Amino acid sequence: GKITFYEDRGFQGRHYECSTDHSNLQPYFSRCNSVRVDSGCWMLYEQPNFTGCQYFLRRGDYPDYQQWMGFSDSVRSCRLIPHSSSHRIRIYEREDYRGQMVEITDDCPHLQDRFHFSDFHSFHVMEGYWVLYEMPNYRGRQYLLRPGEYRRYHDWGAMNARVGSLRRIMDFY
C-alpha cells in the first residue's frame, strides 16, 4: 500500500510518502490538509500511537481533510489495513455479548432500521476488518474494528455508545 500526506490543501506543501504502519508521523509533517492514496486501505489517527479521531481512506485523491470526514487537519499515526478475504461480525444488543444478537457478513447503512431490535452495545468480529460509524450512512465518528472482541464502546475507542452503521473494509478498484 502507499499513501502520501501533504501539509497544505490541494496536494501542496511539505509531503511524506508512506507504505507502512506508523505510530508517530510528527517527524515528517506537522499538519495534513490533503492526501493521495495510491493503493491500499488505511486508518488514519489524529494522535500518536493510534489514538484520537480515526478516519478511513482508500485509493483516490483527497484535496481537503473534509473529504475524509476529518475533524481537523491533525494526522499523527496510521495503519495500513491488511487484506480481508471475508467479513463476519456478531452484533449484540447489550454490553458483554448479552441480549439479542444478529450475525452479518455484509454492510449495514442503518443499524436501527434493519434488525429485530434497536440498541447496539457490543461486537464480536469473527472475520475481516470493518469501520463502525456513529451515525447512519457511514457518517460521523469512525472506529476501526479488527478481528476480536468488543465488550463495550471503550474497546473500540469511543467516548460514548452512539453507533449508526457498519462497513466492511474492501478495496476500491
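We number the residues from 1 along the sequence you see.
As listed in the deposited structure, the average C-alpha B-factor of 41 to 49 and of 117 to 125 is greater for 117 to 125.
Higher mean CA temperature factor, per the PDB entry, when comparing 136 to 144 with 22 to 30: 136 to 144. Per the deposited record, the Cα B-factor of residue 104 falls in the middle third when ranked against the other modelled residues of its chain. In the deposited entry, the Cα temperature factor of residue 150 sits in the middle third of values across the chain's modelled residues. Residue 35 sits in the lowest third of its chain by CA B factor, as recorded in the PDB entry.
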